[PDB]
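Chemist: Got a structure here, written out as structure tokens. Questions coming.
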Amino acid sequence: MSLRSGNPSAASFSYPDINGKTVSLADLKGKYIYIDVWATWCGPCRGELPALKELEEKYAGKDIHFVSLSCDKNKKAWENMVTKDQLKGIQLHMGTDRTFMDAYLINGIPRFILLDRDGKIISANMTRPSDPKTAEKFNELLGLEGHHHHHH
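Sequential numbering from 1 applies to the sequence shown in PDB author numbering.
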């Protein structure tokens, strides 16, 4: 069955947001979803995390949800961390159900994923926020090209 054995995954997930909010795939459904991975023990991500905010606040209004998923087991440590790190946005925390971690072969962090408005996984591997080609994709799919990405 699903995945390979018979496990229910990808088809509408529901995780707790930092504050303790049940955030489902319906909370995001209706607009394109971008799933990036965020972690406490991940330092490299923090190099582009500020730029991820820039991406959000620069594209504020776009048809994309920046959704950070954390495979961190230490919730309280991580929830206070994101409060400290000020990485506010649209965010979810896994914890121990890291079967979904392997389901996407997520490793390193951050992992780049993209899905359709419906919640339909489009790209299991899309484009890192610090990758300029991801921004190009946003403009493109919105038709935000000035004749095209680089004015020609």
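Note that CB positions come from ideal geometry on N, CA and C, so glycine has one too.
How would you label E79, buried or exposed, when you count the other beta carbons within 10 angstroms and need 16 or more for buried?
Modeler: Classification of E79: buried, given that the 10 Å Cβ count is 16 or more.
Chemist: Check whether the Cβ atoms of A51 and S130 lie closer than 9 Å to each other.
Modeler: For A51 and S130, yes; Cβs fall inside 9 Å.
Chemist: Where do the N-terminal and C-terminal ends of the alpha helix (DSSP H) with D36 fall, by residue?
Modeler: Not the alpha helix (DSSP H): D36 falls in the beta strand (DSSP E), residues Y32 to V37.
Chemist: Could you tell me which of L105, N125, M81 and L114 sits nearest to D63, measuring between CA atoms?
Modeler: Per the Cα distances, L114.
Chemist: Express the C-alpha separation of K137 and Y34 in angstroms, rounding to a whole number.
Modeler: So the two alpha carbons sit approximately 12 Å from each other.
Chemist: I'd like to confirm the pairing. Which residues does DSSP put opposite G146 in its beta bridges?
Modeler: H148, per the DSSP bridge assignment.
Chemist: Given this structure, state the Cα-to-Cα distance separating residue 163 from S2, to the nearest angstrom.
Modeler: Because the chain spans 1 through 152 in this model, residue 163 falls outside it and cannot be assessed.
Chemist: Should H151 be labelled buried (16 or more other beta-carbon atoms within 10 Å of its own) or exposed?
Modeler: Looking at its Cβ environment, which holds fewer than 16 other Cβ atoms inside 10 Å, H151 is exposed.
Chemist: Give me the Cα-Cα distance between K88 and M126, rounded to the nearest whole angstrom.
Modeler: Roughly 22 Å between the two C-alpha positions.
Chemist: Could you pull out every residue in the same chain whose Cβ sits closer than 7 Å to the Cβ of residue 211, ignoring the five residues on either side in sequence?
Modeler: The first residue shown for the chain is 1 and the last is 152, placing residue 211 beyond what the model contains.
Chemist: Runs of 4 residues minimum, wholly inside the stretch 41-129: which ones carry the alpha helix (DSSP H) assignment?
Modeler: The qualifying runs are 49-58, 75-85 and 99-103.
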